[PDB]
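Reading through the structure tokens given below for one structure.
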4 protein chains.
Amino acid sequence: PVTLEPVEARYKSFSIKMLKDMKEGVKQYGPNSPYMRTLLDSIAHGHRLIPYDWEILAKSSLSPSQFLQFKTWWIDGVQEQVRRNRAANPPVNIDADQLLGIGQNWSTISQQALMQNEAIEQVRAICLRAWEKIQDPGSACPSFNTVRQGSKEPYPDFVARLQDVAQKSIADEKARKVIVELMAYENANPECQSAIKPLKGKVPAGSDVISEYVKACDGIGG
Amino acid sequence: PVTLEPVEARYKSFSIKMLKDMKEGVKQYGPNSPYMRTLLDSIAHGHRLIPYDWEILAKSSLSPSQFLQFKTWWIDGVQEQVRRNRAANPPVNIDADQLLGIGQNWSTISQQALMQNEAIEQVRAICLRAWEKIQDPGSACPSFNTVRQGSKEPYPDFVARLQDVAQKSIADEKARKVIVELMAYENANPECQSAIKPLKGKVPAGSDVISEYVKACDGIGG
Amino acid sequence: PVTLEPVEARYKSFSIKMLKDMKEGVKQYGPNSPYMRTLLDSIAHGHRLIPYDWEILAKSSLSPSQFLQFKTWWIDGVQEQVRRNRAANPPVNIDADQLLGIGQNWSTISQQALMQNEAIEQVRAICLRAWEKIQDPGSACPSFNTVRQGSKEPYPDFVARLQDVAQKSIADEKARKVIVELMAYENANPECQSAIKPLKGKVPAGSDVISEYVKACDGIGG
Amino acid sequence: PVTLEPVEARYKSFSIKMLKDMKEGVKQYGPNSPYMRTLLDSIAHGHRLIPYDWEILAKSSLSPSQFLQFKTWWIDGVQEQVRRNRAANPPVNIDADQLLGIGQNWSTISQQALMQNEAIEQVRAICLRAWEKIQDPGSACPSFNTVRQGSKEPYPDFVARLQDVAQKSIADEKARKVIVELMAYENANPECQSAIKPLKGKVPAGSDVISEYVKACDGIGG
């Protein structure tokens, strides 16, 4: 993080304790567990992070295979970023090397420290979305056709895998909501399909569609 | 239809020819063929139709089984109509019997003829949506899980079944668009899945996502 | 929690440490372990919790599947709450959105902070009962017929499963007590049934019925 | 079509009869039957067609799968059109949205009606070539290697499949003529190959190469 004064910026490492908490989490819970999403966001919003710090936090906390993915989507997400910065009126002078932290203009701590708040919030959204696609260690992201509720499997465990696949694959949240409610009924088992059909497209008041489908299958299982 | 003067309204049957054209179509093409959607809309927007006329056109033109479905969803769609008319400020005084054309206030030709333009446009949207769910004669509406591209089957024939299932099942058009683009890739065969993946989430300019996926699989088949 | 002054209310996050203790527990012991019932109650009674805080604590500490259940029974328990608030004389003006924390009147931190103590104690009893029905991760709640003492299984381990099933299923505690004492004798194995029958319906003094049945089978096992 | 006056342009729908004739044809004969090529050309050359009209005619007359192909090659053919308009001296100011009829400059009937004759003839050649690649409903376009004269099959039926495959695949007509005359001899059956060889590369006067090969095999068959 970059600390300030009151005009100068002083750069100080992360703590030995804080780097230890992040390692224990990703290692046990997972990188995209809801405990770590809350913990990561607590650091990103409560500190000023330059592109040099995002490398330090991620190399320590992640696996070697998981740092390859992170650096990939950080790259792939800056490319679609500049496509939107040049297509805007007025053009914004934020180029690829400033985001990624490479070249000679932006490849030191003293150089990156004097970054504007508007670029800081631009890298923060790319790096937080690059973390959302990091996979679990032996896994590969599955397709919607293969996420099917098996026999003798609880229902809320099935509709939580669906929301996982849709968070990596689909970028828009409003489009995410459309896909999950449909595949919840279609991909389910017969015993649940028995129970949902008298409720489809009808939610009484102050509730979601997903809560009403878990309530209906509540005892079915094995 | 209801013809007028210039203040009085005269009601005249459909023609012998026009009732013959509608019968030939539904019988050969289908009720929801794009030829009949255009032909039906040509009558509904170019004439004034009371609830008594929608019965005459549908009983003649459809099968006995298809008129049971039509009258069902016409009923089911008026119920969610009044739920929205009473929940509005100011309340609208359009009740169930005026839409369906029953009771004693609204069960004759002289009674229904003096309807306001605002109720006419309200029944038109319900009856045109009730026609959209009429099935093909030996068929039942399938689920999204079962619409899968078989081997030796062309690709645009597969993504046209998808848009059929999504027109009956899903009421919102913006939500329809989200479901089809996803299931197009997932439910496809391997040979197409080979071809689409280098194009997913990237469309160059002035095109749809669906046109770019049919172009890619263009020669695959059997 | 909502802290006060002496008339204003200041809202401050949970601690990084406290959110870590709750995660370790649910993850290892379980959400309804007696260690966590004591720990949760220590926070609920020793702080002021708005509906916004109950979301923060539960999303972090629970699984994605377990947060679907929690939000379901929180909804299902507010509906039977208003049924009792309107049926009372005088009517109480506590409606559904104030409990759940939705709408525009009650969907911010500054709005919810000015809640009365009587609504605070009403949401506390619903959210603490919604936590009591959260299942273990691969499990589904069983029926009383299936909770049967197997061969080579200790006796107090069997009558602890009974009290688990009766805590989720049955809402009244006085009715819970009637069901467990009966099914303890009926659902048991023969070797225990041998030992309990000379003691049924007779407890000497200052003891429970359950302690006298575990004492009797004390060495039986395998 | 766009009708005129003598400076203003009035836009009027197609007739109910004319839209009926096009539907009967494509449905029975096929979209690329020689009856429909003559009928379509009769409308395109004898009327003024804007991009809005080409959508109306094609959506009604074609299948849902066949309208996906049409819109694809209309798109793919405008892209190679602008590549030739910018590479020319002087550059022609005809851009992609004017041809396709999208954006806000060219997305209404009043906007498109004031188009110049030179753009009208440019869209006409792209849409007429997009219709030439529409496939038959269960079919996929085959490769030249697979078009082989079977046993017990007439000869002019075989060399008519060849001219079909070469019309979709190959864009240039002078190159089309070279491929068919060669593959006619090579891909044929032995009994015909017996008969053609004393005539190859020799045509007497005022005839084609193809007429002289059908004459030679005239009775062979089964």
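Worth a mention:
- Per-region count, segment B:138-151, residues out of contact with any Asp or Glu (no Cβ under 8 Å at 6 or more places or on another chain) and surrounded by 11 or more Cβ atoms within 10 Å (Cβ to Cβ): 5
- Test: residue in segment D:154-167 that is part of a loop (DSSP other than H, G, I, E, B) and either out of contact with any helix residue (DSSP H, G or I) (no Cβ under 7 Å at 6 or more places or on another chain) or in the same structural domain as D:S211 (by CATH) (or both): yes
- Applying a threshold of 7 Å to beta carbon distances and a minimum spacing of six or more residues, or different chains, the list of pairs starting in segment B:150-170 at a residue that is more than 8 Å from chain D (Cβ to nearest Cβ) and charged (D, E, K, R) and ending at one that is assigned to a helix (DSSP H, G or I) and surrounded by 16 or more Cβ atoms within 10 Å (Cβ to Cβ) reads B:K168/B:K133.
- For segment D:168-181, a residue qualifies if it is of a type outside the set (D, E, K, R) and buried (at least 16 other Cβ atoms within 10 Å of the Cβ), and the qualifying residues are D:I170, D:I179, D:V180.
- Subset of segment B:4-37 (residues that are in a loop (DSSP other than H, G, I, E, B) and surrounded by fewer than 18 Cβ atoms within 10 Å (Cβ to Cβ)): B:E5, B:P6, B:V7, B:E8, B:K12, B:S13, B:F14, B:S15, B:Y29, B:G30
- In segment B:26-38 there is no residue matching the filter, namely being more than 14 Å from every other protein chain (Cβ to nearest Cβ) and in contact with a strand residue (DSSP E or B) (Cβ under 6 Å, 6 or more places away or on another chain).
- Positions within segment C:38-66 being charged (D, E, K, R) and surrounded by 15 or more Cβ atoms within 10 Å (Cβ to Cβ), in sequence order: C:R48, C:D53, C:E55, C:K59
- Residue within segment A:134-142 that is part of a helix (DSSP H, G or I) and either assigned by CATH to the domain that holds A:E8 or not hydrophobic (A, V, I, L, M, F, W, C) (or both) present: no
- Qualifying residue in segment A:116-128 (condition: farther than 30 Å from A:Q193 by Cβ and either not in a helix (DSSP H, G or I) or not assigned by CATH to the domain that holds A:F67 (or both)): yes
- Neighbours by Cβ (under 6 Å, 6+ apart or cross-chain): first from segment B:64-90, over 21 Å from B:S169 (Cβ atoms); second of a type in the set (A, V, I, L, M) and outside any helix (DSSP H, G or I): B:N85/B:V92; B:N85/B:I94
- Test result for B:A175, assigned to a loop (DSSP other than H, G, I, E, B), out of contact with any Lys or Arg (no Cβ under 7 Å at 6 or more places or on another chain) and of a type in the set (A, V, I, L, M): no
- Residue check, A:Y52 more than 27 Å from C:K20 (Cβ to Cβ) and aromatic (F, W, Y): yes
- One residue stands out among those in segment D:67-86 that are of a type in the set (D, E, K, R) and within 11 Å of chain B (Cβ to nearest Cβ): the one that is surrounded by the fewest Cβ atoms within 10 Å (Cβ to Cβ), which is D:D76.
- Condition broken by D:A130, with the remaining ones in (1) in contact with a strand residue (DSSP E or B) (Cβ under 6 Å, 6 or more places away or on another chain); (2) of a type in the set (A, V, I, L, M, F, W, C); (3) buried (at least 16 other Cβ atoms within 10 Å of the Cβ) satisfied: (1)
- Residue in segment A:42-58 that is within 28 Å of A:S107 (Cα to Cα) and touching an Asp or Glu at 6+ places or on another chain (Cβ under 8 Å) present: no
- Among the residues making up segment D:38-52, those that are in a loop (DSSP other than H, G, I, E, B) and touching a helix residue (DSSP H, G or I) at 6+ places or on another chain (Cβ under 9 Å) are D:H47, D:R48, D:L49, D:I50.
- Test set (1) out of contact with any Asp or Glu (no Cβ under 6 Å at 6 or more places or on another chain); (2) within 11 Å of another protein chain (Cβ to nearest Cβ); (3) not hydroxyl-bearing (S, T, Y) - B:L114 fails condition number: (2)
- Among the residues of segment A:98-129, just one is closer than 14 Å to A:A44 by Cβ and either of a type in the set (S, T, Y) or in contact with a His (Cβ under 9 Å, 6 or more places away or on another chain) (or both), namely A:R124.
The rows are residues; the columns are (1) charged (D, E, K, R); (2) surrounded by fewer than 16 Cβ atoms within 10 Å (Cβ to Cβ); (3) within 13 Å of chain D (Cβ to nearest Cβ); (4) outside any helix (DSSP H, G or I).
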| residue | (1), (2), (3), (4) |
| --- | --- |
| B:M183 | no, no, no, no |
| B:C192 | no, no, yes, no |
| B:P204 | no, yes, yes, yes |
| B:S207 | no, no, yes, yes |
| B:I210 | no, no, yes, no |
| B:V214 | no, no, yes, no |
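- Among (1) closer than 26 Å to D:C217 by Cβ; (2) of a type outside the set (F, W, Y); (3) at the interface with another protein chain (Cβ under 10 Å from one of its Cβ atoms), the one test that D:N145 misses: (3)
- With respect to being more than 14 Å from every other protein chain (Cβ to nearest Cβ) and surrounded by 17 or more Cβ atoms within 10 Å (Cβ to Cβ), B:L99 fits the description.
Numbers and lists here come from the model and the stated rules, or from a named source; no laboratory instrument gave them. Ideal geometry is used to build each Cβ from the backbone, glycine not excepted, and the neighbour counts take in all protein chains shown.
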